[PDB]
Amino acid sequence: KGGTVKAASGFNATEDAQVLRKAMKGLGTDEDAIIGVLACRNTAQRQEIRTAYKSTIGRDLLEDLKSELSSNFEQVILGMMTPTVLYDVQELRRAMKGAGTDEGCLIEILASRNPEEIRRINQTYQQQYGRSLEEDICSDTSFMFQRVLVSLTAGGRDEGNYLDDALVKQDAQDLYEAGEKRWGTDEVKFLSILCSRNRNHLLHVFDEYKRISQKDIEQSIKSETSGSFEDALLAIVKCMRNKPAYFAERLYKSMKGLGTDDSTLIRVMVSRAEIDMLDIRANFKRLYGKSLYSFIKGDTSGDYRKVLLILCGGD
């Protein structure tokens, strides 16, 4: 378990900066050298390489990578070079700036990050952009979906693990009676239970719900709700039960079928490589009976593929 990318042995930031300068200097690029260094260092080490590049090369590593590289390869490398919290912050801003909101990106990040990470994200977003994340969410999404995202962003959830069996039963009972008639869905109920109860409590509510309804909570969420609100509730449930399997499903859906959602593919591979990619891989193979490696290999190409395959770790 854990991630694929780890801190390098023999790490020499100045030498790595020299390798990267040699790779980019003059016409042409040695992409293999860029990959061979950066995909073999963790995020913290990459920042030390940025620092060493500035002082020993007298140039800006991020500017140089941006100018040298293009398209999806450039996106993966620049994402790799970005500090963890700022990467999340940048991806949320990109999902909202304008436009036709990337609601799936909002859900993926806000449902899956831990409370201290969400706090850091809120803080950094405001510092960087001079606007609150919550305010931007309110302008760019609406209705029940909007209420879910605001709750995740504010941290409207109990962070302890107190278990009252009687309260677990009433929550499950509440969700059951709500499933009784087609007009009877109480989305406010769903929102409140799924966004406010602590993780232990919720894992127990899911077990009790199955017991009294004979249905998994996910089944009823799908039958009873729709749209981005449904997707948001499903992501909270999945991230509570098995976060690596949540990400394995995001990866699958970004590649399977007609077209490729490279922006999601890239973001998940970059953001999870150091955390739980080994787990994501195992869950992917359990769920889909194919390796994640093989999906990446069959759905991408070029240097873009080469670097994704290292973030994947292999097989």
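Note that residue numbering begins at 1 and tracks the sequence as displayed.
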Pick between 73 to 81 and 213 to 221: the one whose mean CA B-factor in the entry is higher. 213 to 221
Pick between 144 to 152 and 98 to 106: the one whose mean CA B-factor in the entry is higher. 98 to 106
So if I compare the CA B-factors in the entry for 166, 232, 239, 92, which one is the largest? 166
Please work out which residue in 245, 193, 118, 111 has the highest C-alpha B-factor recorded for this crystal structure. 193
Which third, lowest, middle or highest, does the CA B-factor of residue 55 fall in along this chain? highest
Report the third (lowest, middle or highest) to which the CA temperature factor of residue 88 belongs, ranking only the modelled residues of the same chain. lowest
Ranking the modelled residues of this chain by C-alpha B-factor as given in the entry, is residue 63 in the lowest, middle or highest third? highest
Mind checking which third residue 176 falls in for C-alpha B-factor across the chain? highest
CA B-factor ranking of residue 36, expressed as a third of its chain: lowest
